[PDB]
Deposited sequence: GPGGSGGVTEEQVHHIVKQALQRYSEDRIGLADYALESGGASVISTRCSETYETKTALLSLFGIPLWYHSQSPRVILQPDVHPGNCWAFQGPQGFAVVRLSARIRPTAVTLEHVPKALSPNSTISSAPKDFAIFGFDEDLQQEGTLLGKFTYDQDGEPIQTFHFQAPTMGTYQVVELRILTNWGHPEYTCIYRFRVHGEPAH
């Protein structure tokens, strides 16, 4: 038996956590917070024919910059061709990495209610010398039947690599909506 006051308390705490980037964890991969993509060491951006800006000025693609951007309506993803691809992000701050968060559009928002283009198995690599060969921080697999946002728990790093090894079966590309990196700053 729960009282009214305890219902108001439970929703107020739940809207606070919602308002706190949905999962209440600082994101050191968040561009506005001062992170950037090593655009040279990212997978080739699948750009193809699609979006023209007019008056035909210009063909529109999605830079990998967006995987570090919060807006995750459908289409606001970075897309590479095939089921393998990678990105190297310089975190806003040298931290000891404790978790990553991946997120895809909800099925209810995506047509035919399937999210074929989402990443399946991925892996995370630290790069001690920003310079070096990656140190495997951990492998995980994003769960197409899971929630849109899923966070995954595992030395300080400022450069990290999200490596996607498989996708959930799209024959042409893989979309990455948002990638996050959590952890504690050094002492």
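Missing C-alpha coordinates mark the following deposited-sequence intervals, in order: 1-6, 61-63, 141, 165-169.
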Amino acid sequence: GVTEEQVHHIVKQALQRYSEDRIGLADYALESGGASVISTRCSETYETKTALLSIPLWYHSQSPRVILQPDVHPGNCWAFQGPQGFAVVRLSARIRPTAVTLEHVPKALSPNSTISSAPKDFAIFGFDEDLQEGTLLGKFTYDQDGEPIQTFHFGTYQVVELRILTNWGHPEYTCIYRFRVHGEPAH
From here on, numbers count along this sequence of modelled residues.
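For the two regions 110-118 and 73-81, the entry's Cα B-factors average higher over 110-118. Look at the C-alpha B-factors of 30-38 and of 138-146. On average they run higher in 138-146.
Ranked within its chain, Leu15 lands in the lowest third, by CA B factor from the PDB record. In the PDB entry, a CA B factor belonging to the lowest third of its chain's modelled residues is recorded for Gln62. Ranked within its chain, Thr151 lands in the lowest third, by CA B factor from the PDB record. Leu102: CA B factor in the lowest third of modelled residues in this chain (values from the PDB entry). Ranked within its chain, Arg180 lands in the lowest third, by CA B factor from the PDB record.
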